[PDB]
Amino acid sequence: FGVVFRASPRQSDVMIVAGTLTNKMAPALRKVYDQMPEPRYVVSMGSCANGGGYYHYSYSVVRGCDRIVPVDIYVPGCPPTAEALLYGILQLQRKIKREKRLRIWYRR
Amino acid sequence: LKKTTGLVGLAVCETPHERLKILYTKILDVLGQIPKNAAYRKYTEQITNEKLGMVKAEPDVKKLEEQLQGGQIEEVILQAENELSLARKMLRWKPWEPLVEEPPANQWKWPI
Amino acid sequence: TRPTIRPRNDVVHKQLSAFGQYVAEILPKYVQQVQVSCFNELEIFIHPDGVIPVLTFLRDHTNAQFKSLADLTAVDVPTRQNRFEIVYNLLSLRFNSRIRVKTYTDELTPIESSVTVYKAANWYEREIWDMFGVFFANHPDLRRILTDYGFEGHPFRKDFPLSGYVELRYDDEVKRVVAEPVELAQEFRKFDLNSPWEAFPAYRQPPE
Amino acid sequence: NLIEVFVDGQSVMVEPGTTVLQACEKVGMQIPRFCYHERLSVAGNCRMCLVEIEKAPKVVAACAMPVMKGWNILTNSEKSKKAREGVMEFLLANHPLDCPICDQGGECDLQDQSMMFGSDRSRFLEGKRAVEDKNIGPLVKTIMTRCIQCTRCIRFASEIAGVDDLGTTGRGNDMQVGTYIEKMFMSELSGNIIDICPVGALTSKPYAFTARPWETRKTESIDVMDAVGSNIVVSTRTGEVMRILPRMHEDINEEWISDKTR
Amino acid sequence: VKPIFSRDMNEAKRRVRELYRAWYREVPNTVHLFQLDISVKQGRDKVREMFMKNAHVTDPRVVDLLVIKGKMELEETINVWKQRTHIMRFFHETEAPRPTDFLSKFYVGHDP
Amino acid sequence: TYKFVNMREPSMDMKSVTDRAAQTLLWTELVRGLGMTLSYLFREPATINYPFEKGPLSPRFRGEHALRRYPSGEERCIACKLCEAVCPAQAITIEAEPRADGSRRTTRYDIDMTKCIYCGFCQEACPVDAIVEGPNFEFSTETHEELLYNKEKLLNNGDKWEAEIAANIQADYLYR
Amino acid sequence: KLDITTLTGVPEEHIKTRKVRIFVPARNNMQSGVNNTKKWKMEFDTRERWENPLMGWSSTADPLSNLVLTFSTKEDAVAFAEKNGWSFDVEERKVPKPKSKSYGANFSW
Amino acid sequence: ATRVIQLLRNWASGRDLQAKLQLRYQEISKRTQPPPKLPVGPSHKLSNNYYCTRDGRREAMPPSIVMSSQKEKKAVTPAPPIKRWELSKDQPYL
Amino acid sequence: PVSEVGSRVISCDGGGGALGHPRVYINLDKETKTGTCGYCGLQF
Amino acid sequence: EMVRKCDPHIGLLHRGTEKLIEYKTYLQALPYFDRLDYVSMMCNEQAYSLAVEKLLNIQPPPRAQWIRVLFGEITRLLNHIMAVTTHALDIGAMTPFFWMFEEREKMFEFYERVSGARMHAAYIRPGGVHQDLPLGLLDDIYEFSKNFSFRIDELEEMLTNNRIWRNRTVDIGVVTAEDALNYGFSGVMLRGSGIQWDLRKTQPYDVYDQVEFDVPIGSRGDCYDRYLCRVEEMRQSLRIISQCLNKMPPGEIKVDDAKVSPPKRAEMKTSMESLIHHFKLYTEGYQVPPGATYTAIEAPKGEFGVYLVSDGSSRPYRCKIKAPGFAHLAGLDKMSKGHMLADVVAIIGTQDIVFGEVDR
Ligand SMILES: CCCCCCCCCCCCCCCCC[C@@H](O)O[C@H](CO[C@H](O)CCCCCCCCCCCCCCC)COP(=O)(O)OCC[N+](C)(C)C
Ligand code: SF4
Ligand code: SF4
Ligand code: SF4
Ligand code: SF4
Ligand code: SF4
Ligand code: FES
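- As recorded in the PDB header, cryo-EM is the method behind this entry, and the stated resolution is 4.0 Å.

As structure tokens, then:
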């Protein structure tokens, strides 16, 4: 599908957030999100970080991944089957395809 | 002699027997200060002298470690080495009292 | 009474019993009692001051060549004159068998660290320190792990809410993630499953 | 002057007379029960309380025989246990598979007694009897069928509410604790039976279906509808009151409560 | 009864003063290295305040235990452990104001 | 029992010596592994052509939830509410009130995939076999608020798939 | 008076403006059982709990509503909260009075 | 899937993959299966069961205790020493 | 939907052998009857 | 470019488990364990179900034990695949990865098939095992298992001789055989330094009495020996699968004791006691006698250890979870002083650690 995992945000755009988040970890996450080039995206994944999921009630989790970054598509699962993920990202492409900054920019 | 050694940290030591005699003698001597009071001197000497009796009894090594009932006597010499510093601790800990202190009985009552 | 119930060997119960007696006599300056859990698990007690000397011998041969801590657990209980209740598993190899010494401790009394005696206990001192109040003396470096930085209050204190007292969230006006009191949604629904009628006549304490 | 008696092992200087049940209650060990209830009256039905005498071959109802003369009693004796399983299978031989819908489902005593003692395999293999409902008033939701004839409720009515409108009827199976004749039973202590009823055979209509026992928090306090000041356990399913129950207190309500307050 | 550190008060108070010296002097380095834009004074004042927070503790061992828990934080800021977020955390700056006046609270919410 | 990996040691025989030396200078095992990946170039690729093809699953597989009806057209759920009582994530929340007919029913059965862990305890728990962990596994969505299913949503899922689910349960229940 | 308030990270608000409420729990009256009745526990006072604007969930603010702790003796409990420096409302154990019973008294006349 | 390639492939491999071709499953187990019927279980006899016997959790007993210090002679091992293991028999070295 | 005939007590399960609601016994003939969850009333 | 001291800081994924476990009944606590050493999801469950059965004094019907060992072993293969592979990927081998995760996916087809989930299969139960496995399975496992060995072998041809790979990992990072024991290293990290110990042979817990297999001792204690131990243990597990396939008795799989094991659905829907025990097993859950224990089993990374204390209530009071990785990672900095910075990366991998297990 052309997607290829390449480390170092500066050479990457969309971000997967697989797996449970924790308190100490969060600031690093916000750092990495900030250092990405526009047009950056992210993808919450699993019941993991959609909102704590299984670990919704503990002192160290940070509920949703939503509460530190502006998520795009969600891919519910625990773990989501990798294929359901695949449907996830294809859905992400079917959301980029509806992007239209140029049509709007001319309009404004 | 014995090629290898088995355990990576273990270092092959030819002619254990001498070193063994220094072992058990240092044993009995360093524990020789134990007042007859504590039963430690009793048991530990009990086995010690038995094993050492096998030491004199068994100049050969190949069946010797079939005699000490411990794989690679080469390690257990260091076991005894542990017992040496053990005895070095035994009297720093002094001869044994019939219990220091007792915990309040309100505790130690499981369940809750 | 065969297919379901476990057979429970008498033999092991014997050997552990006698061995418990064996250590009980060898060093009784401190062994409060050498109870054998009936499913073959020996476990002697220790006066809290007595930790190092016992464990020390516990590595030292007689039979107690119980090398390697399996763990350094810290059971809590709100009652008792001293709440926290530390526990040490141990394993001997050549005689392949496990024992479990344990003590007790005040919220405030500093029991000594046992890192030197069992060798691989450096991480645990830090653990129990940051999961509890209890302090270990002669420990090279207690410090937080399994937490955030500040965070403060020890968890696992048997009290202390699981939801804690705080939360992080990113805040654009200051452009930074920040702490803030829990504001928790949905609330931890708390069932009270526990039920009347004691199931266990074989235990059950005297009414007193 | 008070007799010595042995609960299974230890001696106990028990009060003169007083039922074996009360003896073990005094040592705190708890016999399985249904029909008996203090603050009500003793009865020989529902022989789930059977216990074995230290020597006498056959078991006797725990709440029946008063203790005397240095008796010993093995509550945990195996023959006692076989007795209890014996009875429990009979009780469960007809009580309808209603646990998920029966509103008593969270804490019905019959469930817990079934867990602690009753044999787990079924070995009844026929057809349960089942019976039509008997409408009774604005409050109580009688269902019967789940009825087990611990007469209890009648012993409630004749001996406390004082009304004797309801009562047992018929013999053998088909005997019913429902009152004959359609007539409604209204009384000021009609509400407390919803508490007293052993199972789900009688449960409050207004509260019905609304909630489940493991859910609700159970605050303690006192009634205000009366200045009588009876103690209570209010029960709330998170941010909202569900149902009221009496909380026992010797000076006032003692396990009972009014009805307007309920 | 085993003391943690210092016997009796005052012996422990000196510890805490030492700690204040360490924190105070370190603070400008904290503002510099972390690029914190807090007024350089403010951190100092806030330090003094945090030092006022337990300025009534009076138990023997508890205070030294307090400087144990006090070491680790400067221990972290000096090692650049924690971060801008983590160290800015103390100022509670995002919080909505909460007056302690009875009536003020009274209008706002159901309160305790 | 115990086995020595390694421990075996090379021969000093000159034919063998020249062999190892020639091995070092001329990279035999290197070209061996290189020949190995050459060999895997010629095997048929394992990829499935998703979406157009989709991976194998099982009758027991767990996915999207969906309350479902009697054939009569009546709903199955009866608010024994223990689905709430057994879910470890406690995702479920239920608030029953009586039917006008007097039958037990939910008012706002709801669930949130945000917390659900798809363990399938609910699938086991239901006495009337109402809630069922449906075969569907794809319902990734744009907005968090959509995850938090309402009762009506579950019913609609139960409507969409009913022949399918009934097929799985038909194929599976005997093993239960 | 072994106060440990500084050691616990608990915010001052909840060692102050709320109270524990020690008691031995009452029997659920629907039950005839007695087991759960015994042994002291240390429930805290309730605070506010509103409703989620969405979905109607009982969203809640207070840090520690659900907390509860068993005990073997009341004195231990009071002393416990004292170690914490806690405000408290100790309540009496209220064991039922023993009662006379007689199957034959039903047949006086 | 052709002789022109498979021969070269196997020779490049030095393993001859065609005997296995494990990197795909050409024809494994059929999916639809006959109904299970499935085993009954040991205690299902109605004629003789008593939970008072079959129970296990009721056999739980308070720990055996020794000393309770709170309230010749000979030396002895916790257990007899285990023997040294035999060396693998069929494949002594790897 | 229409009520099944009876005289008198009879089974219900919701029609799903180990798939319906757990078996119960409705107990009416000429009277309207039941029920569990299955509406399978026995008015006849 | 040399390290002077690596300073690990775990807790970056401390989800906070043990506090949560205490509030949830036994049956509801089980999934946490999959969520632990998630690469080795079955063996954790088996560790727990043992840990309860001892307290509960109850023994699984034998067939269940054969499954429990069987999937214990397929999981043995999962963790070893993941370990050897990603340890290779860390040092850039890239390829073997893709050659193996095909297989690993075929194994998840099995978790898929019996449990209904591709992984995190909450399938092992304290009472024994959940649903019985489908008829069509065992031949399918057979057909795979016979052909797997060529795959592992070809892997070995890309690695074990590949002298580049040898040079990178052969003199690092040796640990003294006794010094291991002082740090309480477990599983392969012990055997690499040549000590004989192994829990399946030593203190067998299941039908390991009835299976025969060769434990592979290492020698030098370098990462390389540990690697060969990984491979050889894979082959040995592959031996176990044969025996378990050849002696897999008919019988029930859940324990008969309905007080602990929920009734089968066909039964609970048609008899009272069945439905009641069903109901209470899911509402309140089963009680356990009050008590305490430490079970441990040969999890692929090392012994996995459960210390738990029933209060007698249906909610376990405390459930400290030994994590074998935790000790290893503790021992790392001693093992890795003065080594080149790449080598510390490889040596993290020989530790085969998984942080989800460390942070518990
Ligand atoms: C009249 C007589 C004139 C001369 C006749 C004799 C000829 C002289 C001998 C010819 C030798 C030339 C070969 C080139 C030098 C080889 C040494 C090289 O291999 O160094 C080793 C290092 O090896 C290299 O680094 C290999 C890595 C190269 C990776 C690319 C793989 C190449 C694939 C094959 C491509 C061939 C294409 C061209 C073929 C025609 C270091 O050895 P050592 O430290 O002791 O241990 C490692 C041993 N190895 C070889 C097994 C790894
Ligand atoms: S999704 Fe399943 S696996 Fe991923 S974190 Fe949440 S629970 Fe653990
Ligand atoms: S209440 Fe009646 S029906 Fe509901 S569970 Fe208890 S016994 Fe079965
Ligand atoms: S009325 Fe209440 S008490 Fe009388 S029988 Fe029916 S259920 Fe038992
Ligand atoms: S089990 Fe299924 S049907 Fe019965 S209550 Fe819970 S959800 Fe409603
Ligand atoms: S899905 Fe698994 S976890 Fe979520 S509710 Fe149904 S059972 Fe509980
Ligand atoms: S109370 Fe003893 S017979 Fe029912």
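Let's talk about the overall build of chain A
Working step 1: On a plain count of helices and strands, chain A comes out with 3 helices and 3 strands.
Working step 2: The linear arrangement of helices and strands in chain A, starting from the amino end, is β-α-β-β-α-α.
Working step 3: Here the C-alpha coordinates of chain A stretch approximately 50 × 30 × 30 Å along the principal axes.
Working step 4: Relative to its full complement of 108 residues, chain A shows a buried share of 55%.
Working step 5: Across chain A, the fraction of contacts at a sequence separation of at least 24, relative to all contacts at a separation of at least 6, is 69%.
Working step 6: A total accessible area of about 5,600 Å² is found for chain A, and carbon and sulfur atoms account for 57% of it.

Thoughts on the site of ligand 3
Working step 1: Around ligand 3, the neighbouring residues are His95(D), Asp98(D), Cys99(D), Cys102(D), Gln104(D), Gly105(D), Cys108(D), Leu110(D), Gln111(D), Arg146(D) and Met272(J).
Working step 2: Of the residues belonging to the shell around ligand 3, the class tally is 5 nonpolar, 4 polar and 2 charged.

Focus: empty space enclosed by the protein
Residue and element names in this part refer to chain J.
Working step 1: Looking at the largest cavity, its volume works out to about 450 Å³.
Working step 2: Lining the largest cavity we find 30 residues, and of these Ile-253, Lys-254, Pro-262, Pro-263 and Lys-264 sit closest to its centre.
Working step 3: Contributing elements (two or more residues each) for the lining of the largest cavity: helix 12 (265-268) and helix 13 (272-282).
Working step 4: Examining the composition of the lining of the largest cavity, we find that 5 residues originate from one element, helix 13, more than from any other.

A short note on the site of ligand 2
Working step 1: Near ligand 2 the following residues occur: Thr20(A), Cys48(A), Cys78(A), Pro79(A), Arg35(J) and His120(J).
Working step 2: In this structure, ligand 2 sits where chains A and J come together, each supplying nearby residues.
Working step 3: The residue inventory of the shell around ligand 2, partitioned by class, reads 3 nonpolar, 2 polar and 1 charged.

Quick look at the pattern of salt bridges
Working step 1: On inspection of all chains with the given rule, the structure shows 79 salt bridges over all chains.
Working step 2: Measuring nitrogen to oxygen at the nearest pair gives 3.9 Å for the salt bridge that ties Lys320(J) to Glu127(C). A residue pair is termed interchain when its members come from two chains, as with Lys320(J) in strand 4 (residues 318-322) and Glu127(C) in helix 4 (residues 122-131).
Working step 3: Judged by its relative accessible area of 4%, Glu127(C) falls in the buried class.
Working step 4: Linked through salt bridges whose partners overlap, the residues forming this network are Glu73(J), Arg76(J), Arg191(J), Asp198(J), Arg200(J), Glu233(J) and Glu298(J).

Looking at the interface of chain J and chain C
Working step 1: Tallying the contact residues gives 47 residues for chain J and 50 residues for chain C.
Working step 2: Where the side of chain J that touches chain C is concerned, the elements lending two or more residues are helix 1 (18-22), helix 3 (41-56), helix 8 (177-183), helix 10 (199-202), strand 2 (291-299), strand 3 (302-310), strand 4 and helix 14 (324-335) of chain J.
Working step 3: It is strand 2 of chain J that provides the largest number of residues to the side of chain J that touches chain C, a total of 4 residues.
Working step 4: A per-class count over the side of chain J that touches chain C returns 19 nonpolar, 15 polar and 13 charged.

A look at the arrangement of the chains
Working step 1: Over all C-alpha pairs, chain E and chain F never come within contact, reaching a minimum spacing of 25 Å.
Working step 2: At the level of C-alpha atoms, the two units chain A and chain I stay apart, their nearest approach being 28 Å.

With respect to the environment of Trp165(J)
Working step 1: Turning to its location among the elements, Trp165(J) is positioned in helix 7 (residues 163-168).
Working step 2: Between the C-alpha atoms of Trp165(J) and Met41(J), which are 124 residues apart in sequence, the distance is 30 Å.

Some details on unusual backbone geometry
Excluding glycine, residues mostly have negative phi values, and the peptide bonds linking residues are mostly trans.
Working step 1: Residue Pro39(A) is reached from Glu38(A) by a cis peptide bond, and omega for that bond is 5°.
Working step 2: If you trace the backbone, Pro39(A) turns up in the loop between helix 1 (26-35) and strand 2 (43-45).
Working step 3: Here the residue pair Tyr50(F) and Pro51(F) is connected by a cis peptide bond, since its omega of -10° sits within 30 degrees of zero.
Working step 4: Inspection of the secondary structure assignment puts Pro51(F) in the loop between helix 2 (28-41) and helix 3 (82-86).
Working step 5: One non-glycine residue, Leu99(B), lies in positive phi territory at about 70°.
Working step 6: With respect to the helices and strands, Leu99(B) occurs in the segment after helix 3 (73-90).
Working step 7: Phi at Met94(J) takes a positive value of approximately 55°, unusual for a residue other than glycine.
Working step 8: In this fold, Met94(J) is placed in the loop between helix 4 (62-90) and helix 5 (95-115).
Working step 9: Residue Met94(J) is classed as partly exposed on the basis of its relative accessible area, which comes to 48%.

Examining the pairing of strand 3 (residues 50-53) of chain D
Residues and elements named next belong to chain D.
Working step 1: The pairing of strand 3 with strand 4 (residues 60-61) spans 2 bridges and is antiparallel. Bridged to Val-51 within strand 4 is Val-60.
Working step 2: If you look at the hairpin formed by strand 3 and strand 4, you'll find 6 residues sitting between the two strands.
Working step 3: Summarising the sheet, strand 3 and strand 5 (residues 72-74) pair through 2 bridges and their orientation is antiparallel. If you follow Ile-53 over to strand 5, its bridge partner there is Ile-73.

Considering a nonpolar patch on the surface
Working step 1: On the surface, a nonpolar cluster with roughly 680 Å² of combined accessible area is contributed by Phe102(E), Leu103(E), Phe106(E), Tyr107(E) and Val108(E).
Working step 2: Mapped onto the fold, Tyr107(E) is located in helix 5 (residues 102-108).

What about the sheet that holds strand 8 (residues 217-222) of chain D?
Residues and elements named next belong to chain D.
Working step 1: Taking strand neighbours across the sheet as the criterion, the 3 strands line up as 8-9-10 in an open arrangement whose pairing is antiparallel. Each having just a single partner strand, strand 8 and strand 10 (241-246) make up the two edges of the open sheet. Each strand axis lies, on average, 30° off the axis of its neighbour in the sheet, ignoring direction.
Working step 2: As paired elements, strand 9 (residues 231-236) and strand 10 share 5 bridges and run antiparallel to each other. Counted as the bridge partner of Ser-235 is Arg-243 from strand 10.

Cut-offs applied
- Residues numbered from 1 in each chain as written, not as in the entry; some residues may be left out.
- Chains lettered and ligands numbered in written order.
- Part of a larger assembly, values for the part shown.
- Heavy atoms only, no water.
- Residues with missing side-chain atoms left out of burial classes, pairs and counts.
- Helix = DSSP H or I, 4+ residues; strand = E, 2+ residues; numbered from the N terminus.
- Buried < 20%, exposed > 50% of the residue type's maximum accessible area, 1.4 Å probe, protein only.
- Contact = heavy atoms within 4.5 Å.
- Areas by Shrake-Rupley, 256 points an atom, 1.4 Å probe, with all protein chains shown as cover.
- Near = heavy atom within 4 Å.
- Nonpolar A, V, L, I, M, F, W, Y, C, P; charged D, E, K, R; others polar.
- 1 Å grid on protein atoms, 1.4 Å probe; cavity = no way out; pocket = protein on both sides within 12 Å on 5 of 7 lines; lining within 4 Å.
- Points joined across faces, edges and corners; volume = space filled by probe spheres on them.
- Salt bridge = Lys/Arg side-chain N within 4 Å of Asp/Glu carboxyl O.
- Pairing = 2+ DSSP bridges.
- Patch = residues over 30% accessible without salt bridge, like charges linked within 9 Å, V, L, I, M, F, W, Y side chains within 5 Å.
- Axes fitted to C-alpha atoms, helices over the stretch in contact; angles between N-to-C directions.

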